[PDB]
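Worksheet: one structure, shown below.
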Amino acid sequence: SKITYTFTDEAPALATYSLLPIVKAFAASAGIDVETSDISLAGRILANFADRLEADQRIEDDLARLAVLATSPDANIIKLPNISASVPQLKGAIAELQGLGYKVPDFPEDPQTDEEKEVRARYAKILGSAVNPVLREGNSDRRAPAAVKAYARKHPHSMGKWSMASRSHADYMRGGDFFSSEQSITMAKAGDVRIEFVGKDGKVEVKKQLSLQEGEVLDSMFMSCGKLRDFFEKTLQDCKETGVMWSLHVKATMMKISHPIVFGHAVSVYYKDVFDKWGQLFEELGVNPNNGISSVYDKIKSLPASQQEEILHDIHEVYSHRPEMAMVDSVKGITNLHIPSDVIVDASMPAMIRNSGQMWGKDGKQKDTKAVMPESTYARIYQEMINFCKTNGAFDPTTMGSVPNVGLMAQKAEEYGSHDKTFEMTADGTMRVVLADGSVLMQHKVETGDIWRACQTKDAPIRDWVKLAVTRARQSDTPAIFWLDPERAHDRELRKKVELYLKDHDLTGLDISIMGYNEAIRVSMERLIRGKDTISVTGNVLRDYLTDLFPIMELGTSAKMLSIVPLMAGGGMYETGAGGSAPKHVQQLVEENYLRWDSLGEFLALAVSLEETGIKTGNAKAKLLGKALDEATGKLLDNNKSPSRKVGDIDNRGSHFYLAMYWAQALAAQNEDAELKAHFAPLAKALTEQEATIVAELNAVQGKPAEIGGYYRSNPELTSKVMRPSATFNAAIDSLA
Ligand SMILES: NC(=O)c1ccc[n+]([C@@H]2O[C@H](COP(=O)([O-])OP(=O)(O)OC[C@H]3O[C@@H](n4cnc5c(N)ncnc54)[C@H](OP(=O)(O)O)[C@@H]3O)[C@@H](O)[C@H]2O)c1
Ligand SMILES: O=C(O)CCC(=O)C(=O)O
């Protein structure tokens, strides 16, 4: 009676086959119903194309149901990481469902007819981050629990040594990006607004109309595609002169519209010699550089070997005139520019800094790198961290402090809801935003090919943000900084509200300040290295970047964080860490039947999820399920029963067993409730005694390839046997309820 559990993609999906059955049994002992909501990428494709499925094979639209549940005050969701698909990934999902019999329409890369444009629009809703903006209806409280830090200090993860002579650096545009042109206003009263275009010849197009609440913040900006292509050529030339490897770090997944244009311009510029010679044949075949260089590799298959061989050689000649670039997989030849979703800035840049500031090249060796991030707004903080490591060495998890995050995200704050307000200018002219009484609010001169966009942030999420920041500052006794850039128009609007709403709360004994981004990360890092903590209070995007960046230094992986979402209706969402769906863990499983995914983020969320039920439902026992799990996670940390990444020990599957065994024990041991004490004694010691052959039956699989049938919609019977192979263990768990 209250817990919704999320079935997602890739590695967390496989973890859930082993872990969810154990959760359902234990939870049942407190009279708790544990629902499964399918928000996977293939599951969402079926849910939106019901009209193309036989009624018997239709499925229920779980995202829509989960989106309504998030607005109810009874919500209790456990949210595991899920895909934000690029176009290549969507094309792969469609192709797998089609080969299973579902007649779902192909993705229309060029839609000419009106019926083609409606299939495109239906698919557009499924692309990108379709889940998180719909679920996140409170702000974000993300922090490392004390026990997790204690574990990291006793068992430090590897950290690459940093040389003061390193040549690695981050490069970003100086002029010509969003940072350069940003404008922002705050509405004094509710009202309508119009997004207008006035060309040079004088033609007017009313792009969109919007209704905004009273205290609503609205921003406006554009990027010059001319200066972008210019920038790309300069970064490539510089790498060629200096001998340092080129790399690209954007967020083409979440930034559905803008960053593929950026990604595609990087491709056009990099392989410019190929696109210049074969421009017409490529436009004929429909190659789209916004999908990566893979687009060319794919579409030339329909051509004759004589002529495609001519193209494979002209690409080789680009790689001899351009600088070396980073590799996603050196063995298979998969490049940084291959598909847009491989290298995602928030995961990739912490990986590089942790690895001595280096990435892998053509030869399989790591080397110094220029990390290209065209947009200046959030690029600059990585430069401050790169220089800090050059000067002070690599971070030390043994003595390090902590940087938690309180994050503004409710109701699609800032850049997250901006995709319906984003256009690629088709002519020279100006873009403006007018009050409908004619008053011009914001204005930009633009040129053909440039990207223009606007963003909305509402006053209620902001009040909740400031309030959550003050609470955390009091609850721990730790200074907090609002990262607001004084040269950003949007951040100046935010600062008026923050300065105002801080006065609505009692600041006695509290250290709260406001700084631009570079000063804040510098102050945070200077405190960090002296063993002290700082809370970062940031907007929506920095919430993402920093809860990847600092946790990977401190803990080795994002997945070992608490991530609590107090929903504004009164409920709660508990995300299983601050990481992603670890697609590389899938390659290892299909190939040699080891899953290194660490489910600690799940255990941590679950224990908070059960205490929430206890409080809201006054379910005394379910509250005890919680602290028995805290103990359960405690002994897993204390006894280092997490997965190692060596193929002769326990993996993800074995770790769940060890969690179940101490969770059973701590309940068989306690005397607080004689019901549950007797309830879990038959399972407790049964798991204990049989421990060695459970582990042997788990570990007996390693080595052998695992044929789960499919990737995006794997075969459930097949997949479930691959993940629950200790038939000894299964009936111990089956025979609980
Ligand atoms: N739903 C969400 O809230 C969310 C958040 C972020 C990303 N994503 C999505 O997830 C997908 C992949 O993201 P990504 O490739 O950018 O990076 P990622 O999933 O964050 O992880 C990349 C690396 O992080 C490490 N890692 C992450 N979780 C781990 C865990 N539980 N245990 C051990 N190591 C872990 C792994 O390192 P090793 O190789 O060293 O083992 C992995 O290769 C994308 O499709 C993206 O859209 C979703
Ligand atoms: O990682 C986060 O916290 C945000 C994830 C995200 O931005 C997305 O892809 O939707």
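So you can find residues: chains in the structure tokens are A, B, ... in the order shown, residues in each start at 1, and ligands are numbered from 1 in order.
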key: Close residues to ligand 1 using only C-alpha atoms and all ligand atoms, limit 8 Å, as a PyMOL selection string   = chain A and resi 12+79-85+128-129+131-132+253-254+341-348+351+548+556-560+575+577-585+596-601+645
query = segment 300-317 of chain A: which residues within 8 Å, counting only C-alpha atoms, same-chain residues fewer than 4 positions away excluded, as a list in words?
reply =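 Using only C-alpha atoms, the neighbours found are residues 271, 273, 274, 285, 296 and 321 of chain A.
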Suppose we keep N, CA, C and O atoms; can you now write the selection as a tab-separated table (two decimals), in the first residue's frame?
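What follows is the written file result_14.tsv:
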chain	number	residue	atom	x	y	z
A	271	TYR	N	34.98	16.57	-40.94
A	271	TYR	CA	35.10	15.88	-42.22
A	271	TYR	C	34.77	16.81	-43.39
A	271	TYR	O	34.21	16.37	-44.39
A	273	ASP	N	36.43	18.07	-45.78
A	273	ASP	CA	36.94	17.71	-47.10
A	273	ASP	C	36.07	16.66	-47.77
A	273	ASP	O	35.95	16.65	-49.00
A	274	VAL	N	35.46	15.77	-46.98
A	274	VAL	CA	34.55	14.78	-47.55
A	274	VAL	C	33.22	15.43	-47.91
A	274	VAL	O	32.70	15.27	-49.02
A	285	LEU	N	21.23	10.95	-50.91
A	285	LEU	CA	21.03	9.77	-50.09
A	285	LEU	C	20.40	10.11	-48.75
A	285	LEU	O	20.02	9.18	-48.02
A	296	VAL	N	26.92	8.68	-42.47
A	296	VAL	CA	27.64	8.39	-43.71
A	296	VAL	C	27.97	6.91	-43.81
A	296	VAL	O	27.77	6.27	-44.85
A	321	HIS	N	44.95	14.54	-41.98
A	321	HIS	CA	45.08	15.98	-42.03
A	321	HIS	C	44.50	16.67	-40.81
A	321	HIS	O	44.81	17.84	-40.57
Using only C-alpha atoms and all ligand atoms: which of A:489, A:408, A:97, A:150 has the shortest distance to ligand 2 =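 Answer, going by the shortest atom-to-atom distance: A:408.
For residue 124 of chain A, the set of protein, DNA and RNA residues having any atom at most 12 Å away, when counting only C-alpha atoms and skipping those fewer than 6 positions along the same chain, is residues 45, 48, 84, 85, 86, 87, 90, 107, 108, 109, 117, 118, 130, 256, 257, 419 and 420 of chain A.
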Take the residues that were just selected and, keeping N, CA and C atoms, output them as a CSV table (one decimal), in the first residue's frame.
chain,number,residue,atom,x,y,z
A,45,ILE,N,7.7,3.4,-26.6
A,45,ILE,CA,7.3,3.3,-28.0
A,45,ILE,C,6.0,2.6,-28.2
A,48,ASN,N,2.8,4.5,-27.0
A,48,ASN,CA,2.3,5.6,-27.8
A,48,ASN,C,1.8,5.2,-29.1
A,84,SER,N,17.7,8.7,-22.3
A,84,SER,CA,17.2,9.9,-23.0
A,84,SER,C,17.8,9.7,-24.4
A,85,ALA,N,16.9,9.2,-25.3
A,85,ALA,CA,17.4,8.6,-26.5
A,85,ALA,C,17.8,9.6,-27.6
A,86,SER,N,18.9,9.4,-28.3
A,86,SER,CA,19.2,10.1,-29.5
A,86,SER,C,18.4,9.4,-30.7
A,87,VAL,N,18.5,10.1,-31.8
A,87,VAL,CA,17.8,9.5,-33.0
A,87,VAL,C,18.4,8.1,-33.4
A,90,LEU,N,16.8,5.7,-30.9
A,90,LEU,CA,15.4,5.4,-31.3
A,90,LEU,C,15.2,4.5,-32.5
A,107,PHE,N,11.2,5.7,-38.3
A,107,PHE,CA,11.4,7.1,-38.0
A,107,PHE,C,11.6,7.9,-39.3
A,108,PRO,N,10.8,8.9,-39.5
A,108,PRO,CA,11.0,9.7,-40.7
A,108,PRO,C,12.0,10.8,-40.6
A,109,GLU,N,13.2,10.6,-41.1
A,109,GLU,CA,14.2,11.6,-41.0
A,109,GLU,C,14.0,12.8,-41.9
A,117,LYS,N,4.6,14.0,-41.3
A,117,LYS,CA,5.0,15.0,-40.3
A,117,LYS,C,4.4,14.7,-38.9
A,118,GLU,N,3.2,14.0,-38.9
A,118,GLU,CA,2.6,13.6,-37.7
A,118,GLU,C,3.3,12.4,-37.0
A,130,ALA,N,12.2,12.6,-21.9
A,130,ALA,CA,10.8,12.6,-21.8
A,130,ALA,C,10.3,12.2,-20.4
A,256,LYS,N,17.5,18.4,-26.9
A,256,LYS,CA,16.9,17.7,-28.1
A,256,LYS,C,17.1,18.4,-29.4
A,257,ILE,N,17.1,19.7,-29.4
A,257,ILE,CA,17.0,20.4,-30.7
A,257,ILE,C,18.4,21.1,-31.0
A,419,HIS,N,12.6,23.4,-25.2
A,419,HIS,CA,12.7,22.8,-26.6
A,419,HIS,C,11.5,23.2,-27.5
A,420,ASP,N,10.3,23.5,-26.9
A,420,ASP,CA,9.2,24.0,-27.7
A,420,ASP,C,9.4,25.5,-28.0
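Remark: for residue 636 of chain A, the closest of the candidate residues A:148, A:722, A:473, A:281 is A:148 (distances computed over only C-alpha atoms).
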task = Please identify all polymer residues within 10 Å of segment 566-571 of chain A, counting only C-alpha atoms, omitting same-chain residues fewer than 2 positions from it, and present them as a ChimeraX atom specification.
result = /A:69-77,135-141,410-411,460-461,464,468,563-564,573-574,612,616
request  = Name the closest residue to ligand 2 among the candidates A:262, A:389, A:610, A:127; distances are taken between atoms, counting only C-alpha atoms and all ligand atoms.
outcome  = A:127
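Minimum distance to residue 673 of chain A across A:26, A:621, A:552, A:632 (counting only C-alpha atoms) occurs at A:621.
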query = Nearest to ligand 2: which of A:405, A:475, A:652, A:588 is it, counting only C-alpha atoms and all ligand atoms?
reply = A:405
With a cut-off of 12 Å, could you pull out the residues of segment 382-447 of chain A touching segment 170-178 of chain A and give me the nearest pair of atoms for each, distance in Å to one decimal, using only C-alpha atoms, ordered by chain and ascending number, as CSV?
residue,atom,partner,partner_atom,distance
A:382,CA,A:170,CA,6.7
A:383,CA,A:170,CA,5.5
A:384,CA,A:170,CA,9.3
A:385,CA,A:170,CA,10.0
A:386,CA,A:170,CA,8.0
A:387,CA,A:170,CA,10.0
A:415,CA,A:178,CA,11.5
A:444,CA,A:178,CA,11.4
A:445,CA,A:176,CA,11.8
A:446,CA,A:176,CA,10.7
A:447,CA,A:176,CA,11.5
Atoms to include: N, CA and C atoms. Write the selected residues as a PDB file, in the first residue's frame.
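Contents of the output file out09.pdb:
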ATOM      1  N   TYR A 382      34.916  23.565 -15.372  1.00  0.00           N
ATOM      2  CA  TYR A 382      35.867  22.483 -15.610  1.00  0.00           C
ATOM      3  C   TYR A 382      37.288  23.024 -15.746  1.00  0.00           C
ATOM      4  N   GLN A 383      37.461  24.189 -16.382  1.00  0.00           N
ATOM      5  CA  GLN A 383      38.806  24.770 -16.455  1.00  0.00           C
ATOM      6  C   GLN A 383      39.358  25.053 -15.064  1.00  0.00           C
ATOM      7  N   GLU A 384      38.498  25.549 -14.168  1.00  0.00           N
ATOM      8  CA  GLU A 384      38.932  25.827 -12.817  1.00  0.00           C
ATOM      9  C   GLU A 384      39.321  24.550 -12.100  1.00  0.00           C
ATOM     10  N   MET A 385      38.630  23.427 -12.370  1.00  0.00           N
ATOM     11  CA  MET A 385      39.029  22.180 -11.720  1.00  0.00           C
ATOM     12  C   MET A 385      40.294  21.585 -12.351  1.00  0.00           C
ATOM     13  N   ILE A 386      40.418  21.627 -13.686  1.00  0.00           N
ATOM     14  CA  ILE A 386      41.642  21.140 -14.339  1.00  0.00           C
ATOM     15  C   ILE A 386      42.893  21.858 -13.786  1.00  0.00           C
ATOM     16  N   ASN A 387      42.861  23.201 -13.687  1.00  0.00           N
ATOM     17  CA  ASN A 387      44.011  23.932 -13.141  1.00  0.00           C
ATOM     18  C   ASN A 387      44.268  23.586 -11.679  1.00  0.00           C
ATOM     19  N   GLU A 415      16.603  25.667 -18.657  1.00  0.00           N
ATOM     20  CA  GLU A 415      16.811  25.062 -19.976  1.00  0.00           C
ATOM     21  C   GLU A 415      16.032  23.772 -20.211  1.00  0.00           C
ATOM     22  N   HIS A 444      16.959  40.429 -30.386  1.00  0.00           N
ATOM     23  CA  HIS A 444      18.240  39.910 -30.879  1.00  0.00           C
ATOM     24  C   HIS A 444      18.328  39.993 -32.403  1.00  0.00           C
ATOM     25  N   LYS A 445      19.429  40.550 -32.930  1.00  0.00           N
ATOM     26  CA  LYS A 445      19.738  40.437 -34.363  1.00  0.00           C
ATOM     27  C   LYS A 445      20.342  39.069 -34.644  1.00  0.00           C
ATOM     28  N   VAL A 446      19.876  38.396 -35.693  1.00  0.00           N
ATOM     29  CA  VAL A 446      20.239  37.006 -35.948  1.00  0.00           C
ATOM     30  C   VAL A 446      20.549  36.837 -37.426  1.00  0.00           C
ATOM     31  N   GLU A 447      21.223  35.735 -37.750  1.00  0.00           N
ATOM     32  CA  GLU A 447      21.558  35.395 -39.124  1.00  0.00           C
ATOM     33  C   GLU A 447      21.162  33.956 -39.420  1.00  0.00           C
TER      34      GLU A 447
END
ask   = Skipping near chain neighbours, those fewer than 2 positions away, what residues fall within 10 Å of residue 368 of chain A using only C-alpha atoms, listed as a list in words?
value = residues 166, 167, 168, 169, 243, 244, 245, 246, 352, 355, 356, 357, 358, 359, 360, 361, 366, 370 and 371 of chain A
Mind dumping the selected residues with N, CA and C atoms as a PDB file, in the first residue's frame?
ATOM      1  N   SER A 166      50.981  18.936 -17.329  1.00  0.00           N
ATOM      2  CA  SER A 166      49.885  18.512 -18.195  1.00  0.00           C
ATOM      3  C   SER A 166      49.466  19.609 -19.186  1.00  0.00           C
ATOM      4  N   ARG A 167      49.124  19.201 -20.406  1.00  0.00           N
ATOM      5  CA  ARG A 167      48.616  20.139 -21.400  1.00  0.00           C
ATOM      6  C   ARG A 167      47.125  20.069 -21.591  1.00  0.00           C
ATOM      7  N   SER A 168      46.418  19.279 -20.798  1.00  0.00           N
ATOM      8  CA  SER A 168      44.972  19.191 -20.946  1.00  0.00           C
ATOM      9  C   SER A 168      44.272  20.508 -20.595  1.00  0.00           C
ATOM     10  N   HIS A 169      43.139  20.754 -21.237  1.00  0.00           N
ATOM     11  CA  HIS A 169      42.399  21.975 -20.939  1.00  0.00           C
ATOM     12  C   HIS A 169      41.015  21.862 -21.538  1.00  0.00           C
ATOM     13  N   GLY A 243      49.931  19.138 -30.825  1.00  0.00           N
ATOM     14  CA  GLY A 243      50.030  17.706 -30.602  1.00  0.00           C
ATOM     15  C   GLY A 243      49.094  17.127 -29.568  1.00  0.00           C
ATOM     16  N   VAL A 244      48.105  17.880 -29.092  1.00  0.00           N
ATOM     17  CA  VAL A 244      47.185  17.365 -28.088  1.00  0.00           C
ATOM     18  C   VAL A 244      45.886  16.934 -28.777  1.00  0.00           C
ATOM     19  N   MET A 245      45.305  15.832 -28.289  1.00  0.00           N
ATOM     20  CA  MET A 245      44.130  15.199 -28.885  1.00  0.00           C
ATOM     21  C   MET A 245      42.865  16.047 -28.732  1.00  0.00           C
ATOM     22  N   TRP A 246      42.021  16.021 -29.773  1.00  0.00           N
ATOM     23  CA  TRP A 246      40.753  16.759 -29.824  1.00  0.00           C
ATOM     24  C   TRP A 246      39.612  15.904 -29.271  1.00  0.00           C
ATOM     25  N   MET A 352      37.286  12.101 -17.547  1.00  0.00           N
ATOM     26  CA  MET A 352      38.583  12.595 -18.017  1.00  0.00           C
ATOM     27  C   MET A 352      39.440  13.169 -16.882  1.00  0.00           C
ATOM     28  N   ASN A 355      40.884  10.603 -14.722  1.00  0.00           N
ATOM     29  CA  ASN A 355      41.942   9.862 -15.425  1.00  0.00           C
ATOM     30  C   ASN A 355      43.115  10.757 -15.813  1.00  0.00           C
ATOM     31  N   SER A 356      43.646  11.505 -14.839  1.00  0.00           N
ATOM     32  CA  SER A 356      44.821  12.359 -15.023  1.00  0.00           C
ATOM     33  C   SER A 356      44.607  13.426 -16.093  1.00  0.00           C
ATOM     34  N   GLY A 357      43.350  13.751 -16.402  1.00  0.00           N
ATOM     35  CA  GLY A 357      43.060  14.658 -17.491  1.00  0.00           C
ATOM     36  C   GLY A 357      43.250  14.090 -18.881  1.00  0.00           C
ATOM     37  N   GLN A 358      43.113  12.776 -19.060  1.00  0.00           N
ATOM     38  CA  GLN A 358      43.432  12.127 -20.326  1.00  0.00           C
ATOM     39  C   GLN A 358      42.293  11.235 -20.840  1.00  0.00           C
ATOM     40  N   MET A 359      42.238  11.082 -22.173  1.00  0.00           N
ATOM     41  CA  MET A 359      41.275  10.211 -22.862  1.00  0.00           C
ATOM     42  C   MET A 359      42.030   9.243 -23.785  1.00  0.00           C
ATOM     43  N   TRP A 360      41.321   8.214 -24.278  1.00  0.00           N
ATOM     44  CA  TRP A 360      41.917   7.159 -25.113  1.00  0.00           C
ATOM     45  C   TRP A 360      41.921   7.568 -26.572  1.00  0.00           C
ATOM     46  N   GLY A 361      43.027   7.265 -27.252  1.00  0.00           N
ATOM     47  CA  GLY A 361      43.231   7.627 -28.633  1.00  0.00           C
ATOM     48  C   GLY A 361      43.193   6.439 -29.578  1.00  0.00           C
ATOM     49  N   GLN A 366      46.118   6.371 -23.404  1.00  0.00           N
ATOM     50  CA  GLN A 366      45.544   7.640 -22.950  1.00  0.00           C
ATOM     51  C   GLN A 366      46.549   8.800 -23.075  1.00  0.00           C
ATOM     52  N   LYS A 370      42.350  18.428 -25.375  1.00  0.00           N
ATOM     53  CA  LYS A 370      41.552  19.652 -25.371  1.00  0.00           C
ATOM     54  C   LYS A 370      40.079  19.239 -25.357  1.00  0.00           C
ATOM     55  N   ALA A 371      39.393  19.467 -24.235  1.00  0.00           N
ATOM     56  CA  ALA A 371      37.971  19.152 -24.111  1.00  0.00           C
ATOM     57  C   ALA A 371      37.165  20.332 -24.649  1.00  0.00           C
TER      58      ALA A 371
END
note = Of A:657, A:696, A:491, A:456, the one nearest to residue 684 of chain A when counting only C-alpha atoms is A:657
List the spatial neighbours of residue 237 of chain A as a short mmCIF file (atom, residue, chain, number, x, y, z; two decimals) with N, CA and C atoms, in the first residue's frame - criterion: any atom at most 12 Å away, only C-alpha atoms, same-chain residues fewer than 2 positions off excluded.
data_model
loop_
_atom_site.label_atom_id
_atom_site.label_comp_id
_atom_site.auth_asym_id
_atom_site.auth_seq_id
_atom_site.Cartn_x
_atom_site.Cartn_y
_atom_site.Cartn_z
N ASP A 230 33.47 28.63 -37.23
CA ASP A 230 34.75 29.30 -37.07
C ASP A 230 35.49 28.78 -35.84
N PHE A 231 34.80 28.73 -34.69
CA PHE A 231 35.41 28.20 -33.48
C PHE A 231 35.95 26.79 -33.70
N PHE A 232 35.12 25.90 -34.27
CA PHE A 232 35.56 24.51 -34.49
C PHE A 232 36.84 24.45 -35.29
N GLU A 233 36.94 25.25 -36.36
CA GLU A 233 38.15 25.23 -37.16
C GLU A 233 39.36 25.66 -36.32
N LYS A 234 39.20 26.67 -35.47
CA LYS A 234 40.32 27.10 -34.63
C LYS A 234 40.72 26.02 -33.62
N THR A 235 39.76 25.33 -32.99
CA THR A 235 40.16 24.33 -32.01
C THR A 235 40.90 23.18 -32.68
N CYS A 239 44.90 22.07 -31.93
CA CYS A 239 45.29 20.71 -31.61
C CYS A 239 46.35 20.20 -32.58
N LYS A 240 46.22 20.56 -33.87
CA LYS A 240 47.19 20.05 -34.84
C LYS A 240 48.59 20.62 -34.57
N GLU A 241 48.69 21.94 -34.31
CA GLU A 241 49.97 22.56 -33.96
C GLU A 241 50.55 21.99 -32.67
N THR A 242 49.72 21.75 -31.66
CA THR A 242 50.28 21.51 -30.33
C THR A 242 50.51 20.04 -30.03
N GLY A 243 49.93 19.14 -30.82
CA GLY A 243 50.03 17.71 -30.60
C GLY A 243 49.09 17.13 -29.57
N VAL A 244 48.11 17.88 -29.09
CA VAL A 244 47.18 17.36 -28.09
C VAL A 244 45.89 16.93 -28.78
N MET A 245 45.31 15.83 -28.29
CA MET A 245 44.13 15.20 -28.88
C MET A 245 42.87 16.05 -28.73
N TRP A 246 42.02 16.02 -29.77
CA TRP A 246 40.75 16.76 -29.82
C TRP A 246 39.61 15.90 -29.27
N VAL A 269 32.34 20.22 -40.11
CA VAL A 269 33.63 20.89 -40.10
C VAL A 269 34.77 19.88 -40.07
N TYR A 270 34.67 18.87 -39.21
CA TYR A 270 35.77 17.93 -39.07
C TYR A 270 36.02 17.18 -40.38
N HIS A 321 44.95 14.54 -41.98
CA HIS A 321 45.08 15.98 -42.03
C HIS A 321 44.50 16.67 -40.81
N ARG A 322 43.61 16.03 -40.11
CA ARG A 322 43.00 16.51 -38.90
C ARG A 322 43.75 15.96 -37.69
N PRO A 323 43.59 16.59 -36.53
CA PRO A 323 44.23 16.06 -35.32
C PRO A 323 43.61 14.76 -34.87
N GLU A 324 44.36 14.00 -34.08
CA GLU A 324 43.80 12.80 -33.49
C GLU A 324 42.59 13.17 -32.64
N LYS A 370 42.35 18.43 -25.37
CA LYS A 370 41.55 19.65 -25.37
C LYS A 370 40.08 19.24 -25.36
#
